[PDB]
>>> print(open('data28.cif').read())   # mmCIF, N, CA and C atoms
data_input
loop_
_atom_site.label_atom_id
_atom_site.label_comp_id
_atom_site.auth_asym_id
_atom_site.auth_seq_id
_atom_site.Cartn_x
_atom_site.Cartn_y
_atom_site.Cartn_z
N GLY A 1 -42.17 -48.78 34.11
CA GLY A 1 -42.61 -48.88 32.73
C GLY A 1 -44.10 -49.12 32.61
N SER A 2 -44.65 -48.83 31.43
CA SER A 2 -46.08 -49.02 31.19
C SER A 2 -46.43 -50.49 31.06
N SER A 3 -47.44 -50.93 31.80
CA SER A 3 -47.87 -52.32 31.76
C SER A 3 -48.18 -52.76 30.33
N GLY A 4 -48.89 -51.90 29.60
CA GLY A 4 -49.25 -52.22 28.23
C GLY A 4 -50.55 -51.57 27.81
N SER A 5 -51.55 -51.64 28.68
CA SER A 5 -52.86 -51.06 28.39
C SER A 5 -52.98 -49.67 28.99
N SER A 6 -53.63 -48.77 28.25
CA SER A 6 -53.82 -47.39 28.71
C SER A 6 -55.24 -47.18 29.22
N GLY A 7 -55.35 -46.64 30.43
CA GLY A 7 -56.66 -46.39 31.01
C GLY A 7 -56.90 -44.92 31.28
N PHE A 8 -57.27 -44.18 30.24
CA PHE A 8 -57.53 -42.75 30.38
C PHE A 8 -58.65 -42.31 29.44
N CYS A 9 -59.51 -41.43 29.93
CA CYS A 9 -60.63 -40.93 29.13
C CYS A 9 -60.14 -40.39 27.79
N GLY A 10 -59.19 -39.47 27.85
CA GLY A 10 -58.66 -38.88 26.63
C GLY A 10 -57.34 -38.16 26.86
N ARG A 11 -57.01 -37.23 25.97
CA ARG A 11 -55.77 -36.47 26.08
C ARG A 11 -55.99 -35.01 25.68
N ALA A 12 -55.31 -34.11 26.37
CA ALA A 12 -55.43 -32.68 26.09
C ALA A 12 -54.07 -32.00 26.15
N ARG A 13 -53.84 -31.06 25.24
CA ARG A 13 -52.58 -30.33 25.19
C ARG A 13 -52.71 -28.96 25.87
N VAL A 14 -51.64 -28.52 26.52
CA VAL A 14 -51.64 -27.24 27.21
C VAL A 14 -51.19 -26.12 26.27
N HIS A 15 -52.08 -25.17 26.02
CA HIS A 15 -51.77 -24.04 25.15
C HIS A 15 -51.37 -22.81 25.96
N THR A 16 -51.71 -22.83 27.25
CA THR A 16 -51.39 -21.72 28.14
C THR A 16 -50.51 -22.18 29.30
N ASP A 17 -49.65 -21.28 29.77
CA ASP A 17 -48.76 -21.59 30.88
C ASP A 17 -49.26 -20.97 32.18
N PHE A 18 -49.75 -21.81 33.09
CA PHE A 18 -50.27 -21.33 34.37
C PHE A 18 -49.45 -21.89 35.52
N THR A 19 -49.35 -21.12 36.60
CA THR A 19 -48.59 -21.53 37.77
C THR A 19 -49.37 -21.27 39.06
N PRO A 20 -49.72 -22.35 39.77
CA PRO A 20 -50.48 -22.25 41.03
C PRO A 20 -49.65 -21.65 42.16
N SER A 21 -50.30 -21.37 43.28
CA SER A 21 -49.62 -20.79 44.43
C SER A 21 -48.74 -21.82 45.12
N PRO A 22 -47.73 -21.34 45.86
CA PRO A 22 -46.80 -22.21 46.59
C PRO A 22 -47.46 -22.92 47.76
N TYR A 23 -48.76 -22.70 47.93
CA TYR A 23 -49.50 -23.33 49.01
C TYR A 23 -50.56 -24.28 48.47
N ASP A 24 -50.97 -24.06 47.22
CA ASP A 24 -51.97 -24.89 46.58
C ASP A 24 -51.32 -26.04 45.82
N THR A 25 -51.48 -27.26 46.33
CA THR A 25 -50.90 -28.43 45.69
C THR A 25 -51.91 -29.12 44.78
N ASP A 26 -53.19 -28.79 44.97
CA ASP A 26 -54.25 -29.37 44.16
C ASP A 26 -54.13 -28.93 42.70
N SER A 27 -53.83 -27.65 42.50
CA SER A 27 -53.69 -27.10 41.16
C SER A 27 -52.42 -27.62 40.49
N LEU A 28 -52.57 -28.13 39.28
CA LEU A 28 -51.43 -28.66 38.53
C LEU A 28 -50.72 -27.55 37.77
N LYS A 29 -49.44 -27.77 37.47
CA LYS A 29 -48.64 -26.79 36.74
C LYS A 29 -48.81 -26.96 35.24
N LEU A 30 -49.58 -26.07 34.62
CA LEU A 30 -49.81 -26.13 33.19
C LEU A 30 -48.78 -25.30 32.43
N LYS A 31 -48.13 -25.93 31.46
CA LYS A 31 -47.12 -25.25 30.66
C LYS A 31 -47.35 -25.48 29.17
N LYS A 32 -47.13 -24.45 28.37
CA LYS A 32 -47.32 -24.54 26.92
C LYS A 32 -46.53 -25.71 26.35
N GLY A 33 -47.25 -26.73 25.88
CA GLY A 33 -46.61 -27.89 25.31
C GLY A 33 -46.45 -29.02 26.31
N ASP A 34 -47.53 -29.34 27.01
CA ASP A 34 -47.51 -30.40 28.01
C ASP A 34 -48.78 -31.25 27.92
N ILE A 35 -48.59 -32.56 27.79
CA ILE A 35 -49.72 -33.48 27.70
C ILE A 35 -50.24 -33.85 29.09
N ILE A 36 -51.56 -33.97 29.20
CA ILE A 36 -52.19 -34.32 30.47
C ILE A 36 -53.19 -35.46 30.29
N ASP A 37 -52.90 -36.60 30.90
CA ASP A 37 -53.77 -37.76 30.81
C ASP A 37 -55.01 -37.58 31.68
N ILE A 38 -56.17 -37.49 31.04
CA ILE A 38 -57.43 -37.31 31.76
C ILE A 38 -57.91 -38.62 32.36
N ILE A 39 -58.22 -38.60 33.65
CA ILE A 39 -58.70 -39.79 34.34
C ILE A 39 -60.23 -39.84 34.36
N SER A 40 -60.84 -38.72 34.73
CA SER A 40 -62.30 -38.64 34.79
C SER A 40 -62.78 -37.27 34.33
N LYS A 41 -63.96 -37.24 33.72
CA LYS A 41 -64.54 -36.00 33.23
C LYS A 41 -66.05 -35.97 33.45
N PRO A 42 -66.48 -35.24 34.49
CA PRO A 42 -67.90 -35.12 34.84
C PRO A 42 -68.68 -34.30 33.82
N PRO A 43 -70.01 -34.34 33.92
CA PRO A 43 -70.90 -33.60 33.01
C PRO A 43 -70.83 -32.09 33.23
N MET A 44 -70.62 -31.69 34.47
CA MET A 44 -70.53 -30.27 34.81
C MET A 44 -69.49 -30.04 35.90
N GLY A 45 -68.39 -29.38 35.54
CA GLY A 45 -67.34 -29.10 36.50
C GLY A 45 -65.96 -29.20 35.89
N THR A 46 -64.93 -29.16 36.74
CA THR A 46 -63.55 -29.24 36.28
C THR A 46 -63.17 -30.68 35.94
N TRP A 47 -62.08 -30.84 35.20
CA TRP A 47 -61.61 -32.16 34.81
C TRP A 47 -60.42 -32.59 35.66
N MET A 48 -60.12 -33.88 35.64
CA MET A 48 -59.00 -34.42 36.41
C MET A 48 -58.00 -35.12 35.50
N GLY A 49 -56.75 -34.68 35.55
CA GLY A 49 -55.71 -35.28 34.73
C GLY A 49 -54.40 -35.45 35.47
N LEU A 50 -53.60 -36.41 35.03
CA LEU A 50 -52.31 -36.68 35.67
C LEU A 50 -51.17 -36.04 34.88
N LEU A 51 -50.24 -35.42 35.59
CA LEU A 51 -49.10 -34.77 34.96
C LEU A 51 -47.88 -34.79 35.88
N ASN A 52 -46.81 -35.43 35.42
CA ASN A 52 -45.58 -35.52 36.20
C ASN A 52 -45.83 -36.24 37.53
N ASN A 53 -46.52 -37.37 37.46
CA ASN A 53 -46.82 -38.16 38.65
C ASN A 53 -47.65 -37.34 39.64
N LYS A 54 -48.49 -36.46 39.11
CA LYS A 54 -49.34 -35.62 39.95
C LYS A 54 -50.67 -35.33 39.25
N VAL A 55 -51.76 -35.81 39.85
CA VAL A 55 -53.09 -35.60 39.29
C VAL A 55 -53.86 -34.55 40.08
N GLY A 56 -54.32 -33.51 39.39
CA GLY A 56 -55.07 -32.45 40.05
C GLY A 56 -56.27 -32.01 39.24
N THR A 57 -56.55 -30.71 39.28
CA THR A 57 -57.68 -30.15 38.54
C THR A 57 -57.24 -29.04 37.61
N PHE A 58 -57.82 -29.00 36.41
CA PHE A 58 -57.48 -27.99 35.43
C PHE A 58 -58.69 -27.65 34.56
N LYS A 59 -58.72 -26.42 34.04
CA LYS A 59 -59.82 -25.97 33.20
C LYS A 59 -59.59 -26.38 31.74
N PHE A 60 -60.67 -26.44 30.97
CA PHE A 60 -60.58 -26.81 29.57
C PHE A 60 -60.13 -25.63 28.71
N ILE A 61 -60.46 -24.43 29.17
CA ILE A 61 -60.09 -23.21 28.45
C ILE A 61 -58.57 -23.07 28.36
N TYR A 62 -57.86 -23.75 29.25
CA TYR A 62 -56.41 -23.70 29.28
C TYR A 62 -55.81 -24.74 28.33
N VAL A 63 -56.59 -25.77 28.02
CA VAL A 63 -56.15 -26.83 27.13
C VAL A 63 -57.02 -26.91 25.89
N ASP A 64 -56.60 -27.72 24.92
CA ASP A 64 -57.35 -27.89 23.68
C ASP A 64 -57.68 -29.36 23.44
N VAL A 65 -58.93 -29.73 23.68
CA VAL A 65 -59.37 -31.11 23.49
C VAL A 65 -59.09 -31.58 22.07
N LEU A 66 -58.23 -32.59 21.94
CA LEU A 66 -57.88 -33.13 20.63
C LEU A 66 -58.76 -34.33 20.28
N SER A 67 -59.69 -34.12 19.35
CA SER A 67 -60.60 -35.18 18.93
C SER A 67 -60.27 -35.65 17.51
N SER A 68 -59.68 -36.84 17.41
CA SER A 68 -59.30 -37.40 16.12
C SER A 68 -60.43 -37.20 15.10
N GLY A 69 -61.59 -37.76 15.41
CA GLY A 69 -62.73 -37.64 14.51
C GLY A 69 -63.26 -38.99 14.06
N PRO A 70 -64.47 -38.99 13.48
CA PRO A 70 -65.12 -40.21 13.00
C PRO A 70 -64.42 -40.79 11.77
N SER A 71 -64.20 -39.94 10.77
CA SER A 71 -63.54 -40.37 9.54
C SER A 71 -62.06 -40.03 9.57
N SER A 72 -61.27 -40.80 8.83
CA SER A 72 -59.83 -40.59 8.77
C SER A 72 -59.24 -41.18 7.49
N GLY A 73 -57.98 -40.85 7.22
CA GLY A 73 -57.33 -41.36 6.02
C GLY A 73 -56.11 -42.21 6.35
#
>>> encode(input="data28.cif", output="structure tokens")
Amino acid sequence: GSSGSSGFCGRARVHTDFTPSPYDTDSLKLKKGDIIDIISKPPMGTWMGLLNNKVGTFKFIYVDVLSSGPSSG
């Protein structure tokens, strides 16, 4: 179970379904409608997120960064 506090940069949804090779374990399995908890995000390069007890590398073009925004109702 979750301890209580969440430690993740942000959250991104998968809009595209991608499947890595049967030899590449680094690449995560992206499926339409899957949340990925981002751990770290460098200034230039790929991002790192955890999915199904597995953290790898994924592109942003495959996901859609969800930014709540400054103002809200």
>>> residues_around(input="data28.cif", residues="stretch 27-39 of chain A", least_positions_apart="5", cutoff="8 Å", atoms="only C-alpha atoms", output="ChimeraX atom specification")
/A:7-20,47-51,54-58
>>> axis_aligned_box(input="data28.cif", around="stretch 51-54 of chain A", padding_each_side="6 Å", output="JSON")
{"center_x": -48.1, "center_y": -36.5, "center_z": 37.5, "size_x": 17.1, "size_y": 15.4, "size_z": 17.0}
>>> residues_around(input="data28.cif", residues="residue A:60", least_positions_apart="5", cutoff="8 Å", atoms="all atoms listed in the file", output="list in words")
residues 45, 46, 47 and 65 of chain A
>>> write_last_selection(input="data28.cif", atoms="N, CA and C atoms", output="PDB file, keeping the file's coordinate frame")
ATOM      1  N   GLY A  45     -68.390 -29.380  35.540  1.00  0.00           N
ATOM      2  CA  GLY A  45     -67.340 -29.100  36.500  1.00  0.00           C
ATOM      3  C   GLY A  45     -65.960 -29.200  35.890  1.00  0.00           C
ATOM      4  N   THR A  46     -64.930 -29.160  36.740  1.00  0.00           N
ATOM      5  CA  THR A  46     -63.550 -29.240  36.280  1.00  0.00           C
ATOM      6  C   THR A  46     -63.170 -30.680  35.940  1.00  0.00           C
ATOM      7  N   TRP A  47     -62.080 -30.840  35.200  1.00  0.00           N
ATOM      8  CA  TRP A  47     -61.610 -32.160  34.810  1.00  0.00           C
ATOM      9  C   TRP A  47     -60.420 -32.590  35.660  1.00  0.00           C
ATOM     10  N   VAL A  65     -58.930 -29.730  23.680  1.00  0.00           N
ATOM     11  CA  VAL A  65     -59.370 -31.110  23.490  1.00  0.00           C
ATOM     12  C   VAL A  65     -59.090 -31.580  22.070  1.00  0.00           C
TER      13      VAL A  65
END
>>> atom_distance(input="data28.cif", atom1="atom CA of residue A:52", atom2="atom CA of residue A:25")
13.0 Å
>>> atom_distance(input="data28.cif", atom1="atom CA of residue A:72", atom2="atom CA of residue A:40")
26.2 Å
>>> atom_distance(input="data28.cif", atom1="atom CA of residue A:41", atom2="atom CA of residue A:6")
16.3 Å
>>> select_by_dssp(input="data28.cif", residues="chain A", states="strand (DSSP E)", output="PyMOL selection string")
chain A and resi 10-14+35-40+47-50+55-58+63-65
>>> decode(input="data28.cif", residues="stretch 15-57 of chain A", atoms="N, CA and C atoms", output="JSON list (two decimals), in the first residue's frame")
[["chain", "number", "residue", "atom", "x", "y", "z"],
["A", 15, "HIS", "N", -1.35, 8.29, -25.03],
["A", 15, "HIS", "CA", -2.32, 8.44, -26.11],
["A", 15, "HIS", "C", -2.02, 7.46, -27.25],
["A", 16, "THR", "N", -0.81, 6.92, -27.26],
["A", 16, "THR", "CA", -0.40, 5.98, -28.28],
["A", 16, "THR", "C", 0.01, 4.64, -27.67],
["A", 17, "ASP", "N", -0.21, 3.56, -28.41],
["A", 17, "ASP", "CA", 0.14, 2.23, -27.94],
["A", 17, "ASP", "C", 1.41, 1.73, -28.61],
["A", 18, "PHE", "N", 2.49, 1.66, -27.84],
["A", 18, "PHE", "CA", 3.78, 1.20, -28.36],
["A", 18, "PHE", "C", 4.23, -0.07, -27.66],
["A", 19, "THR", "N", 4.95, -0.92, -28.39],
["A", 19, "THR", "CA", 5.44, -2.18, -27.83],
["A", 19, "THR", "C", 6.90, -2.40, -28.19],
["A", 20, "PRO", "N", 7.77, -2.43, -27.17],
["A", 20, "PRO", "CA", 9.21, -2.63, -27.35],
["A", 20, "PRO", "C", 9.54, -4.06, -27.79],
["A", 21, "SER", "N", 10.80, -4.28, -28.15],
["A", 21, "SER", "CA", 11.24, -5.60, -28.59],
["A", 21, "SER", "C", 11.32, -6.57, -27.42],
["A", 22, "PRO", "N", 11.25, -7.87, -27.73],
["A", 22, "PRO", "CA", 11.31, -8.93, -26.71],
["A", 22, "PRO", "C", 12.69, -9.05, -26.08],
["A", 23, "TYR", "N", 13.60, -8.18, -26.49],
["A", 23, "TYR", "CA", 14.97, -8.19, -25.97],
["A", 23, "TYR", "C", 15.26, -6.90, -25.21],
["A", 24, "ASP", "N", 14.52, -5.85, -25.52],
["A", 24, "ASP", "CA", 14.70, -4.56, -24.86],
["A", 24, "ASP", "C", 13.79, -4.44, -23.64],
["A", 25, "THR", "N", 14.39, -4.47, -22.46],
["A", 25, "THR", "CA", 13.63, -4.36, -21.22],
["A", 25, "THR", "C", 13.59, -2.92, -20.72],
["A", 26, "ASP", "N", 14.49, -2.10, -21.23],
["A", 26, "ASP", "CA", 14.56, -0.69, -20.84],
["A", 26, "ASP", "C", 13.30, 0.05, -21.29],
["A", 27, "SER", "N", 12.86, -0.22, -22.51],
["A", 27, "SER", "CA", 11.68, 0.43, -23.06],
["A", 27, "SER", "C", 10.41, -0.07, -22.36],
["A", 28, "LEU", "N", 9.59, 0.86, -21.90],
["A", 28, "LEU", "CA", 8.35, 0.52, -21.22],
["A", 28, "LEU", "C", 7.22, 0.28, -22.22],
["A", 29, "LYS", "N", 6.22, -0.49, -21.81],
["A", 29, "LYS", "CA", 5.08, -0.79, -22.67],
["A", 29, "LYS", "C", 4.02, 0.29, -22.56],
["A", 30, "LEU", "N", 3.94, 1.15, -23.57],
["A", 30, "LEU", "CA", 2.96, 2.23, -23.58],
["A", 30, "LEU", "C", 1.66, 1.78, -24.25],
["A", 31, "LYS", "N", 0.55, 1.97, -23.55],
["A", 31, "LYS", "CA", -0.76, 1.59, -24.08],
["A", 31, "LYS", "C", -1.76, 2.73, -23.92],
["A", 32, "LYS", "N", -2.61, 2.91, -24.92],
["A", 32, "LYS", "CA", -3.62, 3.96, -24.89],
["A", 32, "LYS", "C", -4.46, 3.87, -23.62],
["A", 33, "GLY", "N", -4.31, 4.85, -22.74],
["A", 33, "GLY", "CA", -5.06, 4.86, -21.50],
["A", 33, "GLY", "C", -4.27, 4.27, -20.34],
["A", 34, "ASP", "N", -3.03, 4.72, -20.18],
["A", 34, "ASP", "CA", -2.18, 4.23, -19.11],
["A", 34, "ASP", "C", -1.40, 5.37, -18.47],
["A", 35, "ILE", "N", -1.51, 5.49, -17.15],
["A", 35, "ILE", "CA", -0.82, 6.54, -16.41],
["A", 35, "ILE", "C", 0.62, 6.14, -16.10],
["A", 36, "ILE", "N", 1.53, 7.10, -16.19],
["A", 36, "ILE", "CA", 2.94, 6.85, -15.91],
["A", 36, "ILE", "C", 3.51, 7.89, -14.95],
["A", 37, "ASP", "N", 3.90, 7.44, -13.76],
["A", 37, "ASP", "CA", 4.46, 8.33, -12.75],
["A", 37, "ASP", "C", 5.89, 8.72, -13.11],
["A", 38, "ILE", "N", 6.09, 10.00, -13.39],
["A", 38, "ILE", "CA", 7.41, 10.51, -13.75],
["A", 38, "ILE", "C", 8.28, 10.69, -12.51],
["A", 39, "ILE", "N", 9.49, 10.13, -12.56],
["A", 39, "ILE", "CA", 10.42, 10.23, -11.44],
["A", 39, "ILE", "C", 11.37, 11.40, -11.63],
["A", 40, "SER", "N", 11.95, 11.50, -12.82],
["A", 40, "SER", "CA", 12.89, 12.58, -13.13],
["A", 40, "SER", "C", 12.71, 13.06, -14.57],
["A", 41, "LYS", "N", 12.95, 14.34, -14.79],
["A", 41, "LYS", "CA", 12.83, 14.93, -16.12],
["A", 41, "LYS", "C", 13.93, 15.95, -16.37],
["A", 42, "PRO", "N", 14.95, 15.54, -17.14],
["A", 42, "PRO", "CA", 16.09, 16.41, -17.48],
["A", 42, "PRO", "C", 15.69, 17.53, -18.43],
["A", 43, "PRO", "N", 16.60, 18.51, -18.60],
["A", 43, "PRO", "CA", 16.37, 19.66, -19.48],
["A", 43, "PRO", "C", 16.37, 19.27, -20.95],
["A", 44, "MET", "N", 17.19, 18.28, -21.30],
["A", 44, "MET", "CA", 17.28, 17.81, -22.67],
["A", 44, "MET", "C", 17.49, 16.29, -22.72],
["A", 45, "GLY", "N", 16.48, 15.58, -23.21],
["A", 45, "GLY", "CA", 16.56, 14.14, -23.30],
["A", 45, "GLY", "C", 15.24, 13.46, -23.00],
["A", 46, "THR", "N", 15.28, 12.14, -22.86],
["A", 46, "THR", "CA", 14.07, 11.36, -22.57],
["A", 46, "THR", "C", 13.69, 11.47, -21.10],
["A", 47, "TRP", "N", 12.45, 11.11, -20.79],
["A", 47, "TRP", "CA", 11.96, 11.16, -19.42],
["A", 47, "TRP", "C", 11.93, 9.77, -18.80],
["A", 48, "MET", "N", 11.83, 9.72, -17.47],
["A", 48, "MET", "CA", 11.80, 8.45, -16.76],
["A", 48, "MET", "C", 10.52, 8.34, -15.93],
["A", 49, "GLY", "N", 9.76, 7.28, -16.16],
["A", 49, "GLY", "CA", 8.52, 7.07, -15.43],
["A", 49, "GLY", "C", 8.32, 5.62, -15.04],
["A", 50, "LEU", "N", 7.56, 5.40, -13.97],
["A", 50, "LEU", "CA", 7.28, 4.05, -13.49],
["A", 50, "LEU", "C", 5.92, 3.57, -13.97],
["A", 51, "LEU", "N", 5.86, 2.32, -14.42],
["A", 51, "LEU", "CA", 4.61, 1.74, -14.90],
["A", 51, "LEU", "C", 4.58, 0.23, -14.67],
["A", 52, "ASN", "N", 3.61, -0.23, -13.89],
["A", 52, "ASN", "CA", 3.48, -1.65, -13.59],
["A", 52, "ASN", "C", 4.73, -2.18, -12.89],
["A", 53, "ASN", "N", 5.19, -1.45, -11.87],
["A", 53, "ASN", "CA", 6.37, -1.85, -11.12],
["A", 53, "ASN", "C", 7.59, -1.93, -12.04],
["A", 54, "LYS", "N", 7.63, -1.07, -13.05],
["A", 54, "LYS", "CA", 8.74, -1.04, -13.99],
["A", 54, "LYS", "C", 8.98, 0.37, -14.50],
["A", 55, "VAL", "N", 10.16, 0.91, -14.19],
["A", 55, "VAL", "CA", 10.52, 2.26, -14.61],
["A", 55, "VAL", "C", 11.53, 2.22, -15.75],
["A", 56, "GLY", "N", 11.19, 2.87, -16.86],
["A", 56, "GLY", "CA", 12.08, 2.90, -18.01],
["A", 56, "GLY", "C", 12.15, 4.27, -18.65],
["A", 57, "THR", "N", 12.24, 4.29, -19.98],
["A", 57, "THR", "CA", 12.32, 5.54, -20.72],
["A", 57, "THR", "C", 11.22, 5.63, -21.77]]
